[PDB]
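Reading through the structure tokens given below for one structure.
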Amino acid sequence: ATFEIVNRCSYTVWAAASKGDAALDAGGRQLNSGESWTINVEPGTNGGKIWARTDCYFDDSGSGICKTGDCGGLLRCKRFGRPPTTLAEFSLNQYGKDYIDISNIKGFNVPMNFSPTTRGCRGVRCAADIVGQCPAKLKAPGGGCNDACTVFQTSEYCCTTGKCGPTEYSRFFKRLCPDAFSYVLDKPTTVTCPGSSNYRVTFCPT
């Protein structure tokens, strides 16, 4: 499947793409404002994620640091990134279908649209000003708005037992972005698309 990753933000982002134990395609790249990066993701990929990283410094070896979404100090991510990270999540060719979503379970850093570029399903978006409105206890100094699990490390916020409810913090994310997951047991906002669809991820869509 092809994913076109577009930075419409006024600032540079460093895009990342991983399935947790491996890079997808090159795994990461700098995107200046307006740049597009096209990647190929192998059919059948389960548990893939794309995200943006902000305020990164990398040397000529591809080693450094980002203030949001850092993946072990590498330009080319092999592992998932450090919260806060707005997440585009996907599983492809799962019994004939593709499944896509946006999640705020690991917080929010950059606004995002995640849409098919082929026919047969709709896209999802979280484009509200979550960072500006972020509750004081969840604000990340590096930028972004952390989820409550990251901050407080409780069974309730992390849904450790598999029983948990919504919280004052999850409801904040949900009020601003109803079409994104706000906690682990949120009512699913996953979209089902035809198997082998292609997609576009747009940072700062509005």
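Just so you know, the numbers here start at 1 and follow the chain as drawn.
Structure determined by X-ray crystallography, 1.5 Å.
The backbone N, Cα and C atoms fix where each Cβ goes, and this holds for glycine too.
The Cβ of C9 (disulfide bond) lies under 8 Å from the Cβ of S33, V110, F203, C204, each of which sits 6+ residues away along the same chain. The disulfide bond feature in Swiss-Prot is assigned to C9-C204 (among others).
The feature disulfide bond is assigned by Swiss-Prot to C56-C66 (among others). Annotation note: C66 (disulfide bond) sits in a strand segment as assigned by DSSP.
Annotated disulfide bond per Swiss-Prot: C71-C77 (among others), in sequence order, evidence recorded as experimental evidence. Sequence-distant contacts of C71 (disulfide bond), defined as residues of its own chain at least six apart whose C-beta falls under 8 angstroms from its C-beta, comprise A16, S18, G28, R53, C77, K78, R79, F80, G81, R82. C71 (disulfide bond) carries neither a helix nor a strand DSSP state and counts as coil.
According to Swiss-Prot, the feature disulfide bond maps to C121-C193 (among others). The secondary structure of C121 (disulfide bond), as reduced to three states from DSSP, is coil rather than helix or strand. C121 (disulfide bond) is surrounded by 17 other CB atoms, counting those within 10 A of its CB over all protein chains shown.
For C126-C177 (among others), the entry in Swiss-Prot reads disulfide bond. Within 10 Å of the C-beta atom of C126 (disulfide bond) sit 26 other C-beta atoms, taking all shown protein chains into account.
All protein chains shown were included, and the count of other CB atoms within 10 Å of the CB of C145 (disulfide bond) stands at 25. For the recorded site, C145 (disulfide bond), the DSSP three-state label reads strand. Under the heading disulfide bond, Swiss-Prot lists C134-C145 (among others), citing experimental evidence as support.
According to Swiss-Prot, the disulfide bond annotation covers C149-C158 (among others). In sequence order, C149, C164, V184 are the residues near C158 (disulfide bond), counting only same-chain partners six or more apart with C-beta under 8 A. In the three-state DSSP scheme, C158 (disulfide bond) falls into the helix class.
According to Swiss-Prot, the disulfide bond annotation covers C159-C164 (among others), on the basis of experimental evidence. When secondary structure is read from DSSP and collapsed to three states, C164 (disulfide bond) falls in the coil class.
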Spatial neighbours of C56 (disulfide bond), counting only the disulfide-bonded residues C121, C134, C159, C177, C193 and Cα distances within 10 Å: none
Pairwise Cα distance for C177 (disulfide bond)/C145 (disulfide bond) [Å, integer]: 13
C77 (disulfide bond) CB neighbourhood, other CB atoms within 10 A: 26
Protein Cβ atoms within 10 Å of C204 (disulfide bond), excluding its own: 18
